[PDB]
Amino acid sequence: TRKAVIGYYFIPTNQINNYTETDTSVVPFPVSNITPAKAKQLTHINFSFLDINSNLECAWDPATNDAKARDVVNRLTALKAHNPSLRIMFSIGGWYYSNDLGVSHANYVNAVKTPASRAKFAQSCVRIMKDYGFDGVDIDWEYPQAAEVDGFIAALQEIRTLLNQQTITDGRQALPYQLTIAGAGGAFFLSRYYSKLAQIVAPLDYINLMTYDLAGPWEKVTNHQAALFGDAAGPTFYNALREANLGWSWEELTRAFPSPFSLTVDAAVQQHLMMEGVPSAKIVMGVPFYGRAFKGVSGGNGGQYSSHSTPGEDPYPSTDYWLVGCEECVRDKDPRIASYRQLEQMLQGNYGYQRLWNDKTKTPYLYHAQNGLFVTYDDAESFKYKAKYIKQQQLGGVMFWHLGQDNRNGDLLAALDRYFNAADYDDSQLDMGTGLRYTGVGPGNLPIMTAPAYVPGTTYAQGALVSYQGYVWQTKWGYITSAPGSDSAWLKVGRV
């Protein structure tokens, strides 16, 4: 089965309203830059972003010129001429619209609140899909809180029901309409809904993990934003999942959620696989096509794990564009983010950057020793290890933000496609290194074990193992006369 390759196409309202394929000052990345070769390397394009309005319906931003929007979307769906498996999804939400303090947050909360509201919202999603010609629905609410999760789930179930009906009505068995979400890739936000992951992922084709932005100027210590594995020399974090609303025991929580821990891509993936009912095949690893830049860093680690002086707030609360060589940063008025395209040009421009490699995290970084700058980013090399991980862990594929940030040759997308599909690419000896793996164990990833069947009537000592109702259990203390499941003395430690 082919791995998914899901690329975001983000276009702001003002670029739609002034869309041209002839002026990168106005539209830096028009649809024309998605060549047939690139269209064939994608399985999905997530057009972004739509929103939920005051009427609790899916909708375009009210300032959108609808004729221009339709034309942009038609250009994207025309790419299917080059790739009969390609789907143009649309994404609802994103940080700006749907974060707790964002402009439309209340509409997300209220849309999912009732049977009537969920039905109206779900219908509106399918209507948008059909009217503009999209191939599925992606929801990027960042992020539902605990009390909202059940309504969120029910809304997803309702969309699934309509989409399946629409597939049959439209003859689309060969390319069914799909439903995805963008999920948190770090434990703090994930702990909002982690306990209900199984019910969240049941109606979905994929959950696309945002396994990036794991570092940024809002943290006091510079770090890799998408480390695959952990580096003991780097910062560690409170494991927020041990506070999730799971109902588990102290021993269960402790063995599943070591704390502090390394905030890495492997952590997020393994934390999802620890839950029963979450299939590896639905998990999609997100990767960034951009880096995050920091100023005021010190030496001794190439800029890693240093204090810094980078403002954390949004929008960038300054006019000082200190990322030397970053013309896109001046255009966009933020030196703290740079596309891979721009970073490549900064590297070939002799601006004083060194490209370094951390072989524990398996990620590159830039250090500017003259000016004290650090940039965490991904490239075709880090993507080798991530793609091997996706294959070994039997994940559904890869997602990235976003297409406009690749270089003009499409090298990052071409790399991902190569690592999954090229017949002359062989990563059998790629060394995944000795960086820290996430070691938590939970009900969904218990080791297979054997043990004598439990016998009613028997008194068991501390540490005894038995099999019962399909699991292997271990006593936590002595003189146990109760059966596994029926008494808190037993810990589930294996699968039969």
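Numbers follow the displayed sequence, beginning with 1. Here the rigid core means the biggest group of C-alpha atoms that line up within 1.5 Å when the two forms are laid on top of each other.
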(request) Please indicate which stretch deviates more in 6 other deposited structures of this protein: 454-462 or 50-58, judged by C-alpha RMS distance after a core superposition? (result) 454-462
(request) With the rigid core held as the alignment frame, decide whether 312-320 or 239-247 lies farther from the shown form in 6 other deposited structures of this protein, in terms of RMS C-alpha distance. (result) 312-320
(request) Determine, for stretches 312-320 and 152-160, which one has the higher mean CA B-factor as deposited. (result) 312-320
(request) Select between 294-302 and 68-76 the stretch whose C-alpha atoms have the higher average B-factor in the entry. (result) 294-302
(request) Can you pull the Cα B-factors for 267, 232, 86, 253 from the entry and say which is highest? (result) 232
(message) If I read the C-alpha B-factors straight from the PDB entry, which of 333, 105, 224, 360 is highest?
(response) 333
(request) Sort the modelled residues of this chain by their C-alpha B factor and say whether residue 327 lands in the lowest, middle or highest third. (result) highest
(message) Using the temperature factors of the C-alpha atoms in this entry, rank residue 54 within its chain: lowest, middle or highest third.
(response) highest
(message) Using the temperature factors of the C-alpha atoms in this entry, rank residue 491 within its chain: lowest, middle or highest third.
(response) middle
(request) Divide the modelled residues of the chain into thirds by Cα B-factor and specify which third, lowest, middle or highest, holds residue 434. (result) middle
(request) Looking at the entry's B-factor column for C-alpha atoms only, identify whether residue 384 ranks in the lowest, middle or highest third of its chain. (result) lowest
